[PDB]
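**Student:** Give me the fold of what follows.
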Amino acid sequence: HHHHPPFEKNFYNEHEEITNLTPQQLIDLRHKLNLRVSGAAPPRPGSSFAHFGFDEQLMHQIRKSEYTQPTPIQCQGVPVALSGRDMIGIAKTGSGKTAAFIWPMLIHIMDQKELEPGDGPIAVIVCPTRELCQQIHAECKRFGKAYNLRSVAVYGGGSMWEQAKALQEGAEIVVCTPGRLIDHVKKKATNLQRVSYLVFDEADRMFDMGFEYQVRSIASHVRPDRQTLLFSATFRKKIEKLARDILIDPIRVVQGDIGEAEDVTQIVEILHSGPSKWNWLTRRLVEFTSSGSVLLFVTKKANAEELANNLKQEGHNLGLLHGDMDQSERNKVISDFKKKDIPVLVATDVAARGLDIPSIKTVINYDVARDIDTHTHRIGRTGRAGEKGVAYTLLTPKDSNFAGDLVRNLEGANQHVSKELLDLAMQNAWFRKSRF
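**Tutor:** Numbering: from 1, shown residues only. For reference, the structure is listed below:
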């Protein structure tokens, strides 16, 4: 009575043809599919419906389809979703992405108890528009017939009272626009207590149309151990922040021509304590300056000052940049750093505008960033604007919460997660459990 009812997420049995791929063959398959994939332990993609392991009832509907072979987003997205993993699909209409999340949804629903009177949907698909709602609903009814599943569409611009009646008759699947779903829930036309599979489609469009608050509210009121899938045609900071907030260890799947490039090389070291960062740095700073300019980040002005003063006494030729500097003061330091008059710069986050300098080949997060957004902003200064550049992050055992966020950031960037870093992150239950 302390929990929500248990449910299964993982329905996937990898086909031997896929298990048997060499690492090179796997790399070349994703290249052939024009997909860039990241995250912790992504399932391999398939290349045929046989690899998905669909039964005859579903295949019957798929053969009436509309699909003669799977699309690339299906090839990778279906094994991700069948495996029970969360997913970020960066892909455009109509890449077959809707079926990519619908087919696993059907399998997920089929494993559960049937609906009892009063039961809300098992799966919810959230859409920006009535138009898309109706298209997705049409697909849900088509494929869902394989298992006699019922779908109801509730969208703005549609009859509130007919929708309320349809919701009351019972539906395993609800396709919706965000505000209208929330309205029906508050009115107790339906409820979210059985939602275990949650899709946000065209999430970028939803944000552009003003729905971020509604999207977040829905995510907040669905059980947190749900499976969640998020699709967008673009990745922008707003959607990335959303993904961090409403997904748990997702696999990121990007259609090639819609991304681009390259991730910063990150090195993370776990040190004894804050004061031991100094010896770490003095042993390494000369080698770092031999590759190019070096940018050290701290958060607090006082810490910037103490570090810079100690480096000066150490004999280093460096500059300081903090937020209380006037503009001319500020421009002198930045100019000196740009012209390589000083090889080393200590800066606070708030003062760091103007430091997109190609010669920066080392960024050092000396003091831990306030959050992962700030972390990303910092390491963006490193040269893969011209690669050869590396971003070091110094943690101590008091940084275990940030370590979890950093692990997830590294995994999304296909960067190394050391055993030490993972162990540190795994100290906290909210990481160690929610962990895929």
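**Student:** beta partners for residue 293?
**Tutor:** For residue 293, the beta-bridge partners are residue 360 (DSSP bridges).
**Student:** From what I see, residue 257 and residue 34 are in contact.
**Tutor:** Yes: counting by CB atoms under 8 Å, residue 257 does reach residue 34; the two are 6.8 Å apart. For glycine as for every other residue, the C-beta is placed from the backbone atoms N, C-alpha and C.
**Student:** Would you map the helices across the stretch 101-250 of the chain?
**Tutor:** Applying DSSP state H, counting those that start in this stretch to the stretch 101-250 of the chain gives helices spanning 130-144, 160-169, 178-186, 203-208, 212-221, 237-246.
**Student:** Now tell me what touches the fourth one from outside.
**Tutor:** Taking CB atoms under 8 Å, 6 or more residues apart in numbering as the criterion, the residues outside helix 203-208 that touch it are 126-129, 178, 200, 212, 215, 230-234, 236, 238-239, 242.
**Student:** how about a cut-off of 7 Å?
**Tutor:** With CB atoms under 7 Å, 6 or more residues apart in numbering as the contact definition, helix 203-208 has outside contacts at 128, 178, 200, 215, 230-234, 236, 238-239, 242.
**Student:** Output these as a markdown table; include the columns distance to residue 74 and neighbour count.
**Tutor:** Formatted as a markdown table, those follow (distance: CB to CB, whole Å; neighbours: other CB atoms under 10 Å):
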| residue | distance to residue 74 | neighbour count |
| --- | --- | --- |
| 128 | 22 | 23 |
| 178 | 26 | 24 |
| 200 | 18 | 29 |
| 215 | 24 | 22 |
| 230 | 17 | 26 |
| 231 | 13 | 27 |
| 232 | 17 | 25 |
| 233 | 17 | 18 |
| 234 | 20 | 13 |
| 236 | 25 | 12 |
| 238 | 27 | 15 |
| 239 | 22 | 22 |
| 242 | 24 | 23 |
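**Student:** Columns distance to residue 267 on top of those residues, output as JSON lines?
**Tutor:** JSON lines is the format used below for the contacts of helix 203-208 (distance: CB to CB, whole Å):
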{"residue": "128", "distance to residue 267": "40"}
{"residue": "178", "distance to residue 267": "41"}
{"residue": "200", "distance to residue 267": "34"}
{"residue": "215", "distance to residue 267": "35"}
{"residue": "230", "distance to residue 267": "29"}
{"residue": "231", "distance to residue 267": "33"}
{"residue": "232", "distance to residue 267": "30"}
{"residue": "233", "distance to residue 267": "33"}
{"residue": "234", "distance to residue 267": "30"}
{"residue": "236", "distance to residue 267": "27"}
{"residue": "238", "distance to residue 267": "29"}
{"residue": "239", "distance to residue 267": "28"}
{"residue": "242", "distance to residue 267": "28"}
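**Student:** so what's residue 402 up against?
**Tutor:** Residues counted as contacts of residue 402 (CB under 7 Å, 6+ apart) are residue 368.
**Student:** what about it, helix or strand, and which?
**Tutor:** Residue 402 is part of helix 400-412, with elements assigned from DSSP states H and E.
**Student:** for that helix, the distance to its chain's centre please.
**Tutor:** Helix 400-412 has its C-alpha centroid displaced from the chain centroid by 12 Å (CA atoms, centre = their mean, to the nearest Å).
**Student:** Quick one: distance of the helix or strand that it is followed by to the chain centre.
**Tutor:** Remark: after helix 400-412, the chain's next helix or strand is helix 419-425, criterion DSSP H and E. What separates the centre of helix 419-425 from the centre of its chain is 20 Å, taken as CA atoms, centre = their mean.
**Student:** cool, and stretch 406-425?
**Tutor:** 14 Å.
**Student:** Show me which positions of it end up buried.
**Tutor:** 406-413, 415, 417, 421-422, 424-425 (16 or more other CB atoms under 10 Å).
**Student:** Can you give me the end-to-end span of that stretch?
**Tutor:** Start-to-end span of stretch 406-425 (CA to CA, to the nearest Å) is 9 Å.
**Student:** Next one: residue 51 relative to residue 68, how far apart?
**Tutor:** Going from residue 51 to residue 68 by CB to CB, to the nearest Å gives 15 Å.
**Student:** out of those two, which sits in the busier spot?
**Tutor:** Just comparing residue 51 and residue 68: by other CB atoms under 10 Å the higher neighbour count belongs to residue 51, 19 against 8.
**Student:** list the contacts for that one?
**Tutor:** If you count contacts by CB under 7 Å, 6+ apart, residue 51 has them with 15, 17-18.
**Student:** want to throw those into CSV with distance to residue 343?
**Tutor:** Conversion of these to CSV gives the following (distance: CB to CB, whole Å):
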residue, distance to residue 343
15, 54
17, 54
18, 50
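**Student:** For ChimeraX, what selects the buried ones among those residues?
**Tutor:** Of these, the buried ones can be selected in ChimeraX as follows, counting by 16+ other CB under 10 Å:
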select :15,18
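**Student:** with the contacts of residue 51 in mind, which one is nearest to residue 264?
**Tutor:** Using CB to CB, residue 18 comes nearest to residue 264 of those, at 31.0 Å.
**Student:** Excluding chain neighbours, what is closest to that closest one?
**Tutor:** Nearest residue to residue 18 in three dimensions, chain neighbours excluded: residue 44, at 5.0 Å (CB to CB, 6 or more residues apart in numbering).
**Student:** cool, residue 221 as well?
**Tutor:** Per CB to CB, 6+ apart, closest to residue 221 is residue 192, 5.4 Å.
**Student:** which residue ranges form the strands in the stretch 1-150 of the chain?
**Tutor:** Using DSSP state E, counting those that start in this stretch, the strands of the stretch 1-150 of the chain run over residues 35-38, 87-90, 123-126.
**Student:** same question, the stretch 201-350 of the chain
**Tutor:** Under DSSP E, counting those that start in this stretch, the stretch 201-350 of the chain gives strands at 227-232, 251-255, 265-270, 293-298, 318-321, 344-348.
**Student:** and for the first one, what are the contacting residues?
**Tutor:** Which is strand 227-232. Strand 227-232 is contacted from outside by 9, 81, 84, 86-91, 97, 101, 196-204, 239, 243, 246-247, using CB under 7 Å, 6+ apart.
**Student:** Tell me which strands it pairs with, and in which orientation.
**Tutor:** In the sheet, strand 227-232 lines up against strand 87-90 (parallel), strand 197-200 (parallel) (DSSP bridges).
**Student:** Next up, the contacts around the nearest residue to residue 255 once chain neighbours are set aside.
**Tutor:** Among residues not flanking residue 255 along the chain, residue 91 sits closest, at 4.6 Å (CB to CB, 6+ apart). Remark: with contacts taken as CB under 7 Å, 6+ apart, residue 91 is in contact with 73, 97, 231, 233, 255, 258.
**Student:** Could I get the buried residue list for stretch 90-99?
**Tutor:** 90-91, 95-99.
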